[PDB]
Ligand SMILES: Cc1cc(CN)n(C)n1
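What follows is a single chain, given as structure tokens, in the form solved without the ligand.
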């Protein structure tokens, strides 16, 4: 909507107070005009018709419980945007400052969020397995990273190419969580997952096995469930990334860490220069290996670490 760019205030899912860029025209709409062509947040009103209604607020103050999911979705979408702009020199998910649209209050007790090819969609959770999922910055960045992939590598969402796609969203969802630096870890969804269980998460990049996911190519799931286990075998590529950045010894193979920032530059370049829709794990290794060579040279520690990490997880 047309209006004047102003700044509101509100509290998020986790009870933290934060400012949000809004637009005034009778009401105060969740419309962030300070970022690309806009970050718009909508209200699905507990239904599944998308996007819904561009969030309208009468006083620019968003402290009601019903406003919280919209606050985090509106706020954390801008954080992810900033991450891709400041770090990777990418303007929104399509590189041309595409508008970022998110719908909250999706359906009733919906325990999931997703990118539907055009927007992000957050459920409020059933209060037991999940609380509103926009509360997790890694969740928000995870889903917006799916948009970045759709516009770049375009990895099919099935089998190895899908696991890579999921792994990319887990990686850059974690790196955004660090980029914001508010209780950052190598776990996925800890901030919105099971409020009545202290210390657990949905997935674990550090130890995928913690929750039953493979951390080595031998233990990969080969059935049909989960589009071939895209949320399962992502652990193999999650672990590899966790080793590239943090380093360690995994099944006896030792990996020297190079840090998060370099992991990011490597995987982004792979995602935007060398990966294709049908890429597989072995092709992902090659993509990361070339990226690290372009960035730091063939005889560099970075290249060695990549080879060491994909070796540790059994990817040749």
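Numbering follows the first chain given and starts at 1.
Keep in mind that the form solved in complex with the ligand is missing from the display, and what follows is about it.
Among heavy atoms of residue 89, none comes within 4.5 Å of the ligand in the entry with it bound. Proximity of residue 223 to the ligand in the entry with it bound: non-hydrogen atoms within 4.5 Å are present. Residue contact check for residue 233: one or more of its heavy atoms lie within 4.5 Å of the ligand in the entry with it bound. Looking at 153-183, the residues that come within 4.5 Å of the ligand in the entry with it bound, counting any heavy atom, are 159, 160.
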